[PDB]
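What follows is a short report on a single structure.
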Amino acid sequence: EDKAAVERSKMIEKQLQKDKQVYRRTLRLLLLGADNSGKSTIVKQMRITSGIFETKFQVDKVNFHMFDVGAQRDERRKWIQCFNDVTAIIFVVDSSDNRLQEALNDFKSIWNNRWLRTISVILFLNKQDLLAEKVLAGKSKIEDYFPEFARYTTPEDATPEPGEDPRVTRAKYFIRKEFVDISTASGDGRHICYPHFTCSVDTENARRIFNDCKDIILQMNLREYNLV
Amino acid sequence: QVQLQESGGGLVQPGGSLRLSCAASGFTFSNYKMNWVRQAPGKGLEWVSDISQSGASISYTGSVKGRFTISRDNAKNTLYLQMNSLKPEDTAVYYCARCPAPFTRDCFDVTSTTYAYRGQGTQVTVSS
Amino acid sequence: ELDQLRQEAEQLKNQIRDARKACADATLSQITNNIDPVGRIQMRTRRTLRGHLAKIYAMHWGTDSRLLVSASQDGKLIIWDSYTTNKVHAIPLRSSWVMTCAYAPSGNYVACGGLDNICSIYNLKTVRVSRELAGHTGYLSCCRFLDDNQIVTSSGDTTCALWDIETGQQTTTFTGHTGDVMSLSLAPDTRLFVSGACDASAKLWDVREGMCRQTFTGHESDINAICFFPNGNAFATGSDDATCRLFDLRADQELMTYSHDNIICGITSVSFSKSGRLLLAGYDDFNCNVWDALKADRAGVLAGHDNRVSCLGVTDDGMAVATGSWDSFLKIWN
Amino acid sequence: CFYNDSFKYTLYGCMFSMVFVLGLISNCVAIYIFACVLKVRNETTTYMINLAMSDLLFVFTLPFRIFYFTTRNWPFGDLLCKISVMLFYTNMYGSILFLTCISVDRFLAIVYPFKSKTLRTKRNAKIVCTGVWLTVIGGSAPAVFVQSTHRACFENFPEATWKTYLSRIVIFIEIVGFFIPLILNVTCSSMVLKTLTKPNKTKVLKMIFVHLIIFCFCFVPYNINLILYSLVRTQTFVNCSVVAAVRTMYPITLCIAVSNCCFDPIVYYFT
Amino acid sequence: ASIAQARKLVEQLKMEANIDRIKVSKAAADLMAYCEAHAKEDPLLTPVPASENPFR
Ligand SMILES: CCCCCCCC/C=C\CCCCCCCC(=O)OC[C@@H](O)COP(=O)(O)O
Ligand SMILES: CC(C)CCC[C@@H](C)[C@H]1CC[C@H]2[C@@H]3CC=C4C[C@@H](O)CC[C@]4(C)[C@H]3CC[C@]12C
Ligand SMILES: CC(C)CCC[C@@H](C)[C@H]1CC[C@H]2[C@@H]3CC=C4C[C@@H](O)CC[C@]4(C)[C@H]3CC[C@]12C
Ligand SMILES: CC(C)CCC[C@@H](C)[C@H]1CC[C@H]2[C@@H]3CC=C4C[C@@H](O)CC[C@]4(C)[C@H]3CC[C@]12C
Ligand SMILES: CCCCCCCCCCCCCCCC(=O)O
């Protein structure tokens, strides 16, 4: 009768409250990259016809779930809409290979989407050692794809790594400014890009993700308390 | 029925010039963005140039700036590309594309698979 | 060799177009010009159902016109009683990226699917996972029951499939599209069905044979929703060009277009009333519009959601409408 | 020595009534918003609605004192004015406690973003507000052990009442309701200010200064004057210059405290 | 791979162009007749009183 129905409903509500308490405390991240990038190497540096994969890790008693896409097709203008409320998007780029225009076009399309215009992006420019070797070899040029590189000078306010050659610093800074220009050009004032230089032997990426997510949550708090 | 038809193409000497045209039917031509794409023998599909809805904004790749120009005609529903100073590294098949939805800022999927709003393409050869 | 076949396709298409134009002598608008309109239509919210944690993607009424099933991306299926707003069931899913759900016509099973490319089937009257169906190579976007042992699914790999459940084997495959299939609908006699895709066309399929009967075109962009007329001889579609259209099966061409000059957003859901005189559509503005089907006039508006409307439904007796959106709430209108 | 502070009988009347026409509008307007123009729910909304309701209840109890001070007579019995003064003080202290709650919430929100999701939820806000109401109206009960029938009530008490009864209430309310909130508020605002200056930020520093300055300016002088007044009435020192200064300065304050009830709905709101 | 696709498309087009069609006026008349024969069973079009509304 009615009493049994109300009792069952109340028990279900208790279980639902228990579920919500743990749902609200986990951070979800979406990982994106191309095949030539070292995305699997990055996901393999973390210690805790299938369509999607998940990886769980923990830093300073904080829980991260990171999602990767498996067996889909080229078109992605329909299933991307499922990721409008994740905390952040991690975008991996192979900076030694050229195919840079494809990466820039992908970043530009992700930045300006209507259902993804409040989500922040952590950018990983991978394979630094390969880029350094290619630059020092001298058998390839960058003015063959980006002519404006001929008229670029490293800013006097730069802070180069101790020991790097000036040429490697110049190439690094040009490549990073290429993505930062797109990030700042449209914009919203409601989301930010965080760039890093990475290789395949780094043990610092989890800490970088931790710090950037701390900043993202701080900015959201300041916006909800009407202070910025 | 969405339809796009390209014309022009052919064989030219190095340092020559060409003008490709495209005629579009079955949709409101003035509501969308337009794209020129190309494919080389033994490679994938590559983005070449971009134009917006009112003709105000233009965009090219680094390897064609200063040689190619893109233009639009809304009354006649036509798109044009003007290519100057051809090199042997331009021998390719060219396609015209338009974005999937109207009144939008982001763009389409440049995909080998059947993208429904692309044309058959025309062949351009640059050799002596 | 290829050019000859392309030419042959060209002449065949021209012949089809000429033969199709040879039959259009009048319009629907000129034949309904002398009937009394329906007027202005008010509807009111009766219930609000609370309990989900995130977006809602799907819903489906039961055949008794009392019980509901709904799916959200927190990873839950909830089965509701609508007269009393009680909760009858709550089912946790193994993957949280769900995109469709359905209710069995006998009331014994439910089904779901999503980005994992698997269709899962749950038994309610024993809640454990009865079975899993695997074999598609893209995300599952729709599914509908035929009886307690057959099911039809649509995928984002450009194919449709018909499955026998007890053996677990894909018993038929429907190919011919060129883009992601986004919606299905079953005919009232359950011997045909229509599908629509991201190539901007719709197709009519025979279940017992496995071949396409007819193709329909006329939209400009991707098609998101589809529904049959109660008679079984016509159907209506909605797209991303901010337009709805009504097609007829026997005359083999488009009959009518419902659009307005202040609407510049896509359409996510359509449905008919019990007599087929009203057409309800869910929009990306944030709300829903009610159209006159026989004269193409806008008759009413349903407002009151705070985010994108994702799904609609009308009971089998016509008493109420149910709408769900991305703000995590379900509303019932009467 | 001697004093002449009869002007208070006018100073209250010309001001209190003015407050009655400001707050009764402003608070109402604010509540009308909370009724439905915003449709957003979070902890700050709970604290603000509690604070606004407390301010409105404080506003409703002014006319009786206006009539008393304008006609110098009280033909209603001691119970009504006793209830009036209890309501007065209980609301004027609930306001302080709620402002402190808001400050601590901001500190926890924008200093510890990760280790506070288990402490910031609406249920906890409800618990804390209930506790504040209980602790603030559970302290005004002993005021029912007075005479207040000197007619006139709560004026010109005998020296026997002050020497044994009122001093302990004063010391309790000063110890609990002013000092710990001041320390908490100042330290939380200092840490929030120093955690956002590490290497636009011109709209995050003005708000904290405005809030802290209004709190201090509107509440410190009255409490200092009240403790000095209790000391001078208990007759622990007999330097009549200090006596005259304290007794003259008491009426001129207690007006900033009652003026505070119309500054909340303009500063914390409309930002 | 294009030869087989073109042949299949040609075969499908040949299959489609061999069906009988009717005129638009007859289809419109049938739609109107069905809508007008069932107008009294629609409660969203002609609302019922409160005593028979299960959602009252
Ligand atoms: C949780 C911490 C406590 C919060 C709640 C506070 C409870 C206070 C409520 C009622 C207690 C009333 C105490 C009144 C203290 C005296 C007020 C005052 O200023 O009186 C001076 C004056 O008129 C008396 O006239 P004289 O005898 O001529 O000075
Ligand atoms: C002693 C008497 C005279 C004091 C009056 C007590 C009244 C005004 C207090 C006591 C409990 C308070 C409520 C406590 C909780 C909430 C929930 C919050 O979301 C809205 C305000 C609301 C509803 C408060 C309204 C004001 C309230 C009802
Ligand atoms: C008089 C008493 C009741 C005043 C209480 C002051 C409250 C606001 C203070 C004192 C104790 C404090 C807590 C002590 C412990 C922790 C854990 C620390 O890692 C983060 C801060 C946090 C979560 C503090 C939050 C604020 C806190 C609760
Ligand atoms: C001596 C007495 C009066 C001191 C009272 C100090 C009060 C103001 C302190 C002590 C405990 C503190 C609370 C501790 C925990 C939380 C829960 C959080 O969700 C909102 C802030 C809130 C509610 C703090 C607000 C300020 C608070 C209530
Ligand atoms: C003067 C006393 C004021 C009292 C203020 C509230 C003190 C009691 C608060 C108890 C709950 C505080 C901790 C919340 C625990 C929880 O997370 O449920």
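A few comments on the model shown:
- With the charge dipole of the protein assembly as shown set up from +1 on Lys and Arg Cβ and -1 on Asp and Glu Cβ about the Cα centre, the Cα lying farthest toward the positive end among the listed residues D:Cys81, B:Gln53, C:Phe286 is that of D:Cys81.
- Anisotropy class of region A:1-92 from Cα gyration tensor, a/c 1.5 cut: prolate
- For B:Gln123 and A:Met46, a Förster radius of 30 Å and the Cβ-Cβ distance give a FRET efficiency of 0.05, rounded to the nearest 0.05.
- Based on C-alpha pairs under 8 angstrom that are at least 6 apart in sequence, region C:199-334 has a relative contact order of 13 percent.
- Taken about its Cα centre, chain D carries a charge dipole of roughly 1000 debye when the Cβ of each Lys and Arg holds +1 and the Cβ of each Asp and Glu holds -1.
- For region A:2-224, projected area of the alpha-carbon convex hull averaged over all directions, nm²: 17.7
- Approximate spin-label separation C:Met211-C:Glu166, in nm, with each point projected 7 Å along Cα-to-Cβ: 3.0
- Structure note, pairs A:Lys14/D:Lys126; A:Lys108/D:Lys206; A:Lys139/A:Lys172; C:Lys55/D:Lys203; A:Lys108/E:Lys8; A:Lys61/D:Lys206: Cα-Cα distances above 27 angstrom occur for A:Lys108/D:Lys206; C:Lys55/D:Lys203; A:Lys108/E:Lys8; A:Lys61/D:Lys206.
- Anisotropy class assigned to region D:35-74 is prolate, per the alpha carbon gyration tensor with a/c at or over the 1.5 cut-off and a/b larger than b/c.
- Kirkwood hydrodynamic radius of chain B, from the reciprocal of the average inverse Cα-Cα distance over all distinct pairs: 15.0 Å.
- Cα gyration tensor category, rounded, prolate or oblate, for region D:132-258 with a/c compared to 1.5: prolate
- Sorted ascending by nearby beta carbons within 10 Å, beginning with the fewest, E:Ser2, C:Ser65, D:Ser54 become E:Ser2, C:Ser65, D:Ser54.
- Taking the DSSP bridge list for the protein assembly as shown and keeping only pairs wholly inside it, about 85 percent are antiparallel.
- Computed [θ] at 222 nm, deg cm²/dmol, chain A (DSSP H ≥ 4; -39,500 (n - 2.57); rounded to nearest 500): -12500 deg cm²/dmol
- Peptides D:250-262, B:74-86 ranked from most to least packed, by the mean per-residue count of other Cβ atoms within 10 Å: D:250-262, B:74-86.
- Its alpha carbons give region D:135-205 an Rg and a Dmax of 20.9, 66 Å.
- Within straight-line reach of D:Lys82, meaning a Cα separation under 22 Å, sit the following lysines at least 8 residues removed in sequence or on another chain: D:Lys8, D:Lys163.
- Taken about its Cα centre, region A:87-228 carries a charge dipole of roughly 340 debye when the Cβ of each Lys and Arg holds +1 and the Cβ of each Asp and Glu holds -1.
- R0 of 30 Å, Cβ-Cβ distance A:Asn63-C:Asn86: FRET efficiency to nearest 0.05: 0.35
- Anchor C:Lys125: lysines whose Cα lies under 17 Å away (excluding residues fewer than 8 positions away in-chain): C:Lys87
- Label sites at A:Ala150 and D:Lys194, each approximated as a point 7 angstrom past Cα along Cα to Cβ, lie 5.6 nm apart.
- Shown here are the Rg and Dmax of the Cα trace of the protein assembly as shown, at 36.7, 123 Å.
- The Kirkwood hydrodynamic radius of chain C, based on inverse pair distances between different Cα atoms, is 21.0 Å.
- Working from the Cα coordinates of region D:8-267, the gyration tensor eigenvalues give, after taking √(5λ), semi-axes of 35, 22, 18 Å in decreasing order.
- Counting other Cβ atoms within 10 Å as a rough exposure proxy, the listed residues C:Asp248, A:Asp157 run A:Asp157, C:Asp248 from fewest neighbours to most.
- Dipole of the protein assembly as shown, positive end: most advanced residue of C:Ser185, B:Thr125, C:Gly113 [Cβ charges, Cα centre]: C:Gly113
- Taking θ as phi - 60° and the Karplus parameters 6.51, -1.76 and 1.60, the scalar couplings of region C:39-56 work out to x, 9, 10, 9, 9, 10, 6, 10, 9, 10, 9, 10, x, 7, 10, 8, 3, 10 Hz in sequence order, x denoting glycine and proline.
- A convex hull fitted to the Cα coordinates of region E:3-55 yields 153 cubic angstrom per residue.
- Distance-filtered residues of region D:1-26 - backbone nitrogen under 18 Å, label point 7 angstrom along D:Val238 Cα→Cβ: D:1-3
- Across B:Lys65/B:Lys87; C:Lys13/E:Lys23; A:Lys18/D:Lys117, pairs whose alpha-carbon gap is larger than 18 Å: C:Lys13/E:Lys23
- Distance between modelled label sites at B:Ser25 and D:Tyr9, nm, 7 Å Cα→Cβ extension: 10.1
- Built from the Cα atoms of region C:189-334, the convex hull projects on average onto 9.0 nm², one quarter of its surface area.
- Residue (of C:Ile78, C:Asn231, C:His60) at the positive-pole extreme of region C:2-333, dipole from beta-carbon charges: C:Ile78
- Computed [θ] at 222 nm, deg cm²/dmol, chain C (DSSP H ≥ 4; -39,500 (n - 2.57); rounded to nearest 500): -2000 deg cm²/dmol
Bear in mind these aren't lab numbers, they're just calculated from the coordinates by the rules spelled out. Virtual Cβ from ideal backbone geometry, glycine too; neighbours counted across all protein chains shown.
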